[PDB]
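Data first, discussion second: the structure below is written as structure tokens.
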Amino acid sequence: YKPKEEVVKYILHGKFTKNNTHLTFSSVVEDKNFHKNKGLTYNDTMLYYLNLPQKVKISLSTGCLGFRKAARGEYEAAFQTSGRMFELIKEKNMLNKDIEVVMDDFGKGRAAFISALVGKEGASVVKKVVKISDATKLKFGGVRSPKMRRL
Amino acid sequence: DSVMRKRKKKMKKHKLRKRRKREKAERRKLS
Amino acid sequence: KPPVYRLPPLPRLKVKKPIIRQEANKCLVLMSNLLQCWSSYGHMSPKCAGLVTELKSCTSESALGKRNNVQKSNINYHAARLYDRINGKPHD
Amino acid sequence: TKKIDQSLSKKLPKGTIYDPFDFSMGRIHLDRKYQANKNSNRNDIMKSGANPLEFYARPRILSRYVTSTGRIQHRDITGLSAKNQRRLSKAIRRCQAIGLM
Amino acid sequence: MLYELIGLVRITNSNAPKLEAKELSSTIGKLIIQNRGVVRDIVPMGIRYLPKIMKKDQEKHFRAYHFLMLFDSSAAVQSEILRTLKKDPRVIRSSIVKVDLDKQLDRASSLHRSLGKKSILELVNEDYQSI
Amino acid sequence: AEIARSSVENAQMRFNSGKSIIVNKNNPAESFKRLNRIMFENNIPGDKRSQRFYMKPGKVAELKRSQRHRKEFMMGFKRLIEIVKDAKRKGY
Amino acid sequence: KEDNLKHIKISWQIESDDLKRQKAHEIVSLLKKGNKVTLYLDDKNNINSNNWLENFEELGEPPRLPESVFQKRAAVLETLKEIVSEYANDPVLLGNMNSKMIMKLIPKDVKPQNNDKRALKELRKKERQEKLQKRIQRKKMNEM
RNA sequence: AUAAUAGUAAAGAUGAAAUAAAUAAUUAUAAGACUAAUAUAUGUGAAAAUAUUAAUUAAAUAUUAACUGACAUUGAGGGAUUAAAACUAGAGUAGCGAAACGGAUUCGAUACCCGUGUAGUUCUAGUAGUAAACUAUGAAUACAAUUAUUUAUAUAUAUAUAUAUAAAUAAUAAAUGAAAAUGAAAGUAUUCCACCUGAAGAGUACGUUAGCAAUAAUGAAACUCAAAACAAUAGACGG
Ligand SMILES: [K+]
Ligand SMILES: [K+]
Ligand SMILES: [K+]
Ligand SMILES: [K+]
Ligand SMILES: [K+]
Ligand SMILES: [K+]
Ligand SMILES: [Mg+2]
Ligand SMILES: [Mg+2]
Ligand SMILES: [Mg+2]
Ligand SMILES: [Mg+2]
Ligand SMILES: [Mg+2]
Ligand SMILES: [Mg+2]
Ligand SMILES: [Mg+2]
Ligand SMILES: [Mg+2]
Ligand SMILES: [Mg+2]
Ligand SMILES: [Mg+2]
Ligand SMILES: [Mg+2]
Ligand SMILES: [Mg+2]
Ligand SMILES: [Mg+2]
Ligand SMILES: [Mg+2]
Ligand SMILES: [Mg+2]
Ligand SMILES: [Mg+2]
Ligand SMILES: [Mg+2]
Ligand SMILES: [Mg+2]
Ligand SMILES: [Mg+2]
């Protein structure tokens, strides 16, 4: 009956492509009065709690730390960008609830992010991380890719 | 026949195709 | 029932890079422990005294100790010696 | 230390006969090398004689032959006959299309 | 021809989970018996969680009541039943697979045949001679 | 209602993808190693790379044929090496 | 500006067919775009060597030769100037007809038709907007 | 692709670059095309082809029993089917992508790389009958020495193997061959069809036939030359 938005967990998503690394920190917000609403079916309640809304808090790329052009897709650019994210999560008091890490692709920044989170740079965030997962998107047939490059 | 020998036929076919395209073009202007 | 795969006749039976068991250096493991001992109890802590004494003796004359475990694999000698006998080739 | 890793010690079953070699490291290594899932046949429905296509509405049994992501396992891993592998794959694909797997 | 229908009905009311399934089985059963068809068996499979969230008629679902219906009908009637199931909002997923009767006239449901019971007589004779 | 509140835990994990690991709060680097093993046992990195550029069906078929042969060839090679080792052990 | 400058090879022994078919087209097309062009003339042996540009960096006068040689060499320069007449300004020849020479052509006055890329982007935007309009109609029919 | 949401200032691309309230993230909607694992194209199909699911119709296996009683093989002409591209109409058009216009690279770059991307790629109804349409190997029958591995059928039991008879595949003996190799044929024989007679000219010219068209089929001669080609050998060289 009253909006009671509360954070349930945080999602640390990393997209590691060939030319850049994108790191997004989000909050899974849950209106704790949703079940108190009128005209709400058992299915709508279960469907609302199975995919809770998300709000973006921190969005970073390798170009936000001053890496330009070809340097954006390198191991060092990702390692420093991961550090800046782990710092901004502590400077915003967003290290109270559990964090779920979602990795998307297999570029050069995937192993830098993992190294920065299992090392000194991520000794605070790692303590809250509860689940790691992979979200690489594959196609079963799907659209035709571009032709092979003759180099 | 080997690729080497096939290449001679390839050149002859290319020149015939090139000549027929050229003839076509003329017919269009002359038509 | 387990599918047996039979090779065609081959010019050779050879392992490109035969694997060998290389025992770890005793002095390096001692150094890896002492370094860890200092990481927990602190540098020069009295708890790592024995480690320091052992490390000094291991490296006193040679920093890697008496390395006398060099080995080479004999699989390629036997493989070439026995291939004609065990390949199951039909008679001429 | 009064403790040894389980991988470095062999536990001789009860009622079995042993030789002095059974206390050596060679036995440990030999048991690892020749460690195959041969007891699957007696626990493998698809290696018993049933038709795998009769299990297209039983996702729990079919989920034993797919990886964590649902990828059908190659015959080299399942150890099934050509016919059963062919029938099992059809069952899984039909199960996926029905909305059960 | 003998056919095996597997339908995933929607569970709208958590209080009456097996309500739309009963209403649907009656609708399908009536079509079969009113068009020269025979209904051999109706095996409920219970409420199960769907492998994923599925959609139907601009609605989403996370669970469904599974049920099997072994029936005998003509090909034309079988297509009519499938068409009605593909249109009913209650049905989330429906599949009809033919059960070959070339070698024997009495075949049990795939679920039962998977358990070793090949005919309905074997199932009935295990409920009378031993029950 | 609460019926839709107390049955969300299983429901949440009932629709799993199989690409998730529960982190070991003690050794968090062992959980990332487990996740990498899943990726390699489902060929996720390989499939992604193979989907970047289109390959003609004929070329795809050739590559699939050659790969199978190399896989089968290696199994036949290992079978022959095992025979060599067994023969050597018995003095042949 | 180095992009505007395009280096070209015109050997002294070139045939007036290649000179008036390939080289003429190359020079004329480049000049029409607005790219500067420097034409380097030299003997076939040294002109086209690995040190194509490097040898010309090397740039007692060269001795005279049979007039036939200079009839060819001077004829080439006449053809070059006549070919590049309305497409560029007067040339700055820097060398001797008895040796290497660097003709330095410069594009003639040409206004900037830079408003072409504006149309390009506008057309792309128009197509995208038309696609959206079409997709709205699909959603409407689906709803209806 | 669009919209919303918070959240920002770069993003995207490349060998490196540059051309054209975002990117990323979480939702919702729409559209077209495609079909991950299994998977070996194994198998099936005359070939071309054929691997997401179900159904309908058609065809396809082995053995046994009975029946017909040479009714067979091959096959000029003929007929049917036939990848991709292309073409004629009507739809569709996400992604890909000749061309075109741009950005780079380069001594130059009418290319390789990048962008925007039209035809085409998709479906329906047709035209056309061409591919390294290849196993570069027409079809059928009789026959000849072995092994291994699967598959199928059958038999037996001291119930899970064992013993048989076929098929397939792999490696071979003999034989054949210019050799490379073939291996149940490229062997020993028989029957029928197609095709070839130095290179180049030329699958061209002309004519004819067919097609909306692109084209497809048929298919020469003159002049010139003493060449031209295959397998294998030893070298030299290889970004
Ligand atoms: K095949
Ligand atoms: K007779
Ligand atoms: K006849
Ligand atoms: K004929
Ligand atoms: K299109
Ligand atoms: K024939
Ligand atoms: Mg890079
Ligand atoms: Mg493109
Ligand atoms: Mg020939
Ligand atoms: Mg986006
Ligand atoms: Mg597939
Ligand atoms: Mg085959
Ligand atoms: Mg015939
Ligand atoms: Mg094809
Ligand atoms: Mg059209
Ligand atoms: Mg261009
Ligand atoms: Mg240019
Ligand atoms: Mg392009
Ligand atoms: Mg036709
Ligand atoms: Mg042709
Ligand atoms: Mg032909
Ligand atoms: Mg083909
Ligand atoms: Mg026949
Ligand atoms: Mg012709
Ligand atoms: Mg040769």
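Counting begins at 1 with the first residue displayed.
Backbone N, Cα and C define each Cβ position, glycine as well.
Around C:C27 (disulfide bond), a 10 Å sphere centred on its CB holds 20 further CB atoms from the protein chains shown. The disulfide bond annotation in Swiss-Prot covers C:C27-C:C58 (among others).
A sphere of 10 angstroms centred on the C-beta of C:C48 (disulfide bond) encloses 21 other C-beta atoms. Per Swiss-Prot, disulfide bond is recorded for C:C37-C:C48 (among others), and the stated evidence type is sequence analysis.
Annotated domain 'CHCH' per Swiss-Prot: C:24-66, in sequence order.
Here Swiss-Prot flags C:27-37 as motif 'Cx9C motif 1', drawing on sequence analysis. Using a Cβ-Cβ cut-off under 8 Å and counting only residues 6 or more beyond its ends in the same chain, the motif 'Cx9C motif 1' (C:27-37) has close neighbours at 45, 47-48, 51-52, 54-55, 58-59, 63-65.
Tertiary neighbourhood of the motif 'Cx9C motif 2' (C:48-58): same-chain residues 26-27, 30-31, 33-34, 37-38, 41, 65, selected by CB-CB distance under 8 Å and a gap of 6+ residues from either end. Residues or ranges marked as motif 'Cx9C motif 2' by Swiss-Prot: C:48-58.
Taking all protein chains in view, 20 other C-beta atoms sit within 10 angstroms of the C-beta of C:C58 (disulfide bond). Under a cutoff of 8 A between CB atoms, and with a sequence separation of 6+ in the same chain, the neighbours of C:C37 (disulfide bond) are C:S45, C:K47, C:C48, C:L51.
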